[PDB]
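Everything below concerns the one structure shown next.
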Amino acid sequence: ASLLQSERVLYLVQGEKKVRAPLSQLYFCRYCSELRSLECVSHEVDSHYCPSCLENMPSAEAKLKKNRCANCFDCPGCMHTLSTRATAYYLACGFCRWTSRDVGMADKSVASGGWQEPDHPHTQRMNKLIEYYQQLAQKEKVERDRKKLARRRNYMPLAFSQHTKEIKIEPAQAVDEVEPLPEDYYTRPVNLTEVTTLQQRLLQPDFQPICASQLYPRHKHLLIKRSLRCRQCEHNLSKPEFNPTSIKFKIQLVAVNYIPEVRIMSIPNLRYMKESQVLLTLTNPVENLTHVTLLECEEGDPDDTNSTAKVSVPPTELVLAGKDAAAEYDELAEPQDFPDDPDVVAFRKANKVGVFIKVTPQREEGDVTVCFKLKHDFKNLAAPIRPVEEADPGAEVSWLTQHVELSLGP
Amino acid sequence: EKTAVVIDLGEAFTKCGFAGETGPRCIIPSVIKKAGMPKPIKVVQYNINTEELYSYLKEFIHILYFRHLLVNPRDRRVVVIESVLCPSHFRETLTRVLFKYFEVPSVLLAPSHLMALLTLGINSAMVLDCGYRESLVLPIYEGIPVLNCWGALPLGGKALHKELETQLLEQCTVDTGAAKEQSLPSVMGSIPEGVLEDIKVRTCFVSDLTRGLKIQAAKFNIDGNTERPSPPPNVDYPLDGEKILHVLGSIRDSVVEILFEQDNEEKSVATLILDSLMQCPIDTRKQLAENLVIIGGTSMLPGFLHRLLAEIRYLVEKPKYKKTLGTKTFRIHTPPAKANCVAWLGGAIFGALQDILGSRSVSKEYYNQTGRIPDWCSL
Amino acid sequence: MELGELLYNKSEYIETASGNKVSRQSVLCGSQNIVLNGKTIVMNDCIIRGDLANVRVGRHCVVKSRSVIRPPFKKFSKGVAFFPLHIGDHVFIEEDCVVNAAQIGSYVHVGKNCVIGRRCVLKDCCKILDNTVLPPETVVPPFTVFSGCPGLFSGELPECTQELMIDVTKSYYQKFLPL
Amino acid sequence: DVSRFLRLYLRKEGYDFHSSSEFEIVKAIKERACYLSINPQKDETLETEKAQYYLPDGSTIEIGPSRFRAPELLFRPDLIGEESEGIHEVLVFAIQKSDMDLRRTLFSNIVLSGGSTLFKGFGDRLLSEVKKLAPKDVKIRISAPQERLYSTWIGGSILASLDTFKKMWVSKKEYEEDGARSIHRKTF
Ligand SMILES: Nc1ncnc2c1ncn2[C@@H]1O[C@H](COP(=O)(O)OP(=O)(O)O)[C@@H](O)[C@H]1O
Ligand SMILES: Nc1ncnc2c1ncn2[C@@H]1O[C@H](COP(=O)(O)OP(=O)(O)O)[C@@H](O)[C@H]1O
Ligand SMILES: [Zn+2]
Ligand SMILES: [Zn+2]
Ligand SMILES: [Zn+2]
């Protein structure tokens, strides 16, 4: 993904918004015939979990607990998951040696149950204001409803019947003179250790304190398990109910697991001329493909193009064997030996075929970029078939063109 | 119905959380770390192409709705707090991102000043908003914002950060750790905005009116021989590990004065209240004066509220404002949440009102049909 | 380089046995307790100490040069002892990297010159970036990237790591041959 | 006030003119590019060209919809929130306040003066806005001179030249003897 530079050769997406992304990041949509990007697809929320103590919490409990773990804590000074140490328990960090004793929080007899965050200072005033505005909003709703049904009736405010407990909040008292800056600030050395930085100030927003002794450790933030759903298609992919300590997908779907992935095996000279060898591995068990197209003339956004890649080669039938094969186990005649193609095809191993592209570098100053279209026989299986019961000839016949953009090192 | 989310996109920091809460859940720098870019690009930028702005806001809102808040965007409503006279194309884009990409049920474009008034409970009050870009004031009288008597000056965070950078480069004394124990000037051509902001918050403070008025005349040096008050002690600040910048005591209490300096025009952060209040209707004068509100993170700076209220009462006695605003009692309101998170708290208090929210707010079905967001400009 | 893995020619001196290749330059003081079941690679000047260990490594494990894998000591009131670490399947430890980690999960790409702290657990399908410090007793979830001197959540990985990482470690092993 | 309200709309387009010097170039922007639409609602729905204006420094600014919806506040000052009649209203009200016999002749003789009538399509809008308020089938002639800005002075220049002016003005010795009223009583 990162070790090999997947962020070089990119695949194009069809729709409203055109995007150039690596095949590793993209997803293939099986309901229809069009691969779509992580940007294009809509995101959902499945499950919440703590990154320290991996515990799958339900959606209801998260809303009550404000998307936080009760047991785990993150240090305020540096941003790292704290650890309980005994002597009878105090909270301490590994990276920085900030303790819970420093700020002056008393040690608890019970390990987890004892620790808590103080109640918000303006929580009582809050509820009183909500209830005042709630009652006041309810009056406007009744007024707006009464006005709307009178318009809908269209009786011109005809008086058939006779027309027409209060909550009163006291408004906050305005101070005559606000407290001045203490005379300590004048003629006193300022230790930058004692006062807190903006980053660690703002992590505790309810009462962001200037001094470090006031700054208490906040609960550790819960992380999210994303599930993707498309515009046209319904489902796409999702994750299990035990995503904590699991790398399994409930429905595995990705562009590399359907569309044939292209990789630049060899990179030649960048001095005005060369011959680059690229591989075209298949992922499907049995299929056919072809890199025939030259991306037309000024069509399909070929603005990035800074070279003329010929790739004048007819289709080559490659197949993947999901099994541990030996070094040159058997030599097939019709697949390998019959299309010898010594100039075009470099090598043909198991689920692998090297192809020579004749690029024209140094058309611009530098940063050589090549546009070429790749075709493949997509066994869609859109119609109802149990273990390939249906023939799926019309599906296999369908030729899907992916506009690839390979970027040479330069 | 579900508890509607509140977002407040600012140049420096964005406030995020859920309605009917004591304060915002997440507050973070309004930036995004794009691959290739060493410094992260700012998400809100006025006067750029729509497509480039659309991509930045799409990237940012995604981070807010998944990494910071954990909730589906399509399920529950939005309460977008944005200041009055926010650029047209920016607000149009922000809504278009929420309605098209995320497919939110309904957005409510509340003005920050009217939201700040709800938190106190008082129906009428003057509201000063000392933000990053511009320090804006807007009188709110019994629910109606008075756009006629608006006021704005570029004396916020950005103007203060720039002033600090200028002063530090003049009196530049850093200990690199390479025979740089001796005072070394301007080793680095520019100082990054992240450092300048941290220096401002920790080192620099707002002086008293009496001491400040002397500092103004001192640096001017208006036919006087060393008429400055005794500064605080010099604070040593680390830059990128090894390099230790010695911050001069004069810089700490002089950097702030650019806000409260008259500069001939008679245009300070203090004057902007009195300039607006004098332009207000004659009946509204005494009610607005008595109910002052000071929001924005720039006013959090230590001893700002005392200097402002003092500087007001001094500028009152000045002959221009002496006639109209002579015998007026200026009293400041202390909001429940902190000065930075007053704007957000209003939107949450408003978001808790499910019945009024749905009616006032613009539904997606209306936007998809029309493609016209309602504004204070003509329809 | 552009998806394709590049050639690396090894010298004559290297201990090739049952698929497992271990550079003779690289000392592994404590050969008894350390175990390499699969076709593992250990590059030159690397350390795998047997300080009361049980260092089990993967099928296609890779450890680049100047890199150390030492077990951590558990500060227990009952008895202070070195906790035996278990490197997962298809693990890629990058060059000049320090590892004091207990239980490193399968299909992981540990970055270059990155110090992992004492008693540090890593779950499967994660990636630590280069010049990063994971503090002692930290956990990293699957499909995650931890970075910075603090060592905290930077973002998420590509969905296809389980399938992709197999190609990387196996290709490197296959491409890494004698001159 | 139109210059002040244009500055507000220019900040709503995203261009600040905070300085007192920068207020002068807002007055220049107004004077250069600001057209009064006959129907304001139709021009708002229509997508603007966004005509570029060049500043003294050299920088370009796209004004867009602020161009036409700024001077509209003359004809409809309730939009911003200023309690006034309006330029179309004050003209009609002034005629309607006068005696019934003169109304027809006063509608038949209207003269535009000053600089805040030179707005492009001012006469076109005013004629339309006056007609609907004024009585039906009444002849409304809004006779603008070519020198509207300098009309007030030219009048004084003609008045001053006449021998009657010699009688009208107040002498320095008259002001010393008569008192303060001298200037007020001779005014008319
Ligand atoms: N707690 C604080 N203490 C001191 N200064 C602060 C604090 N929070 C923010 N600031 C400063 O004041 C500014 C407040 O800007 P803010 O109101 O968050 O942005 P915006 O005006 O774009 O909504 C910040 O840029 C920062 O420089
Ligand atoms: N060509 C013009 N187009 C639009 N507005 C103009 C034009 N010329 C002047 N103005 C406006 O009219 C003002 C001039 O008013 P003026 O006629 O001098 O008033 P007075 O009659 O009191 O002397 C300018 O400040 C400007 O706002
Ligand atoms: Zn689809
Ligand atoms: Zn936890
Ligand atoms: Zn810490």
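Residues 2-88, 106-182, 219-464, in that order, are what chain A shows, numbered as in Swiss-Prot.
Just so you know, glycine gets a Cβ as well, placed from its N, Cα and C.
According to Swiss-Prot, the features are:
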type: CROSSLNK; residues: A:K222; note: SUMO2 cross-link
type: MOD_RES; residues: A:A2; note: N-acetylalanine
type: MOD_RES; residues: A:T414; note: phosphothreonine
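Features recorded in Swiss-Prot, as mapped to the structure shown.
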| residue | record | contacts (Cβ under 8 Å, 6+ apart) |
| --- | --- | --- |
| A:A2 | N-acetylalanine | A:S25 |
| A:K222 | SUMO2 cross-link | A:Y150 |
| A:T414 | phosphothreonine | A:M327, A:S361, A:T362, A:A363 |
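Ligand 2 lies under 6 Å from the Cβ of none of the recorded positions A:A2, A:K222, A:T414.
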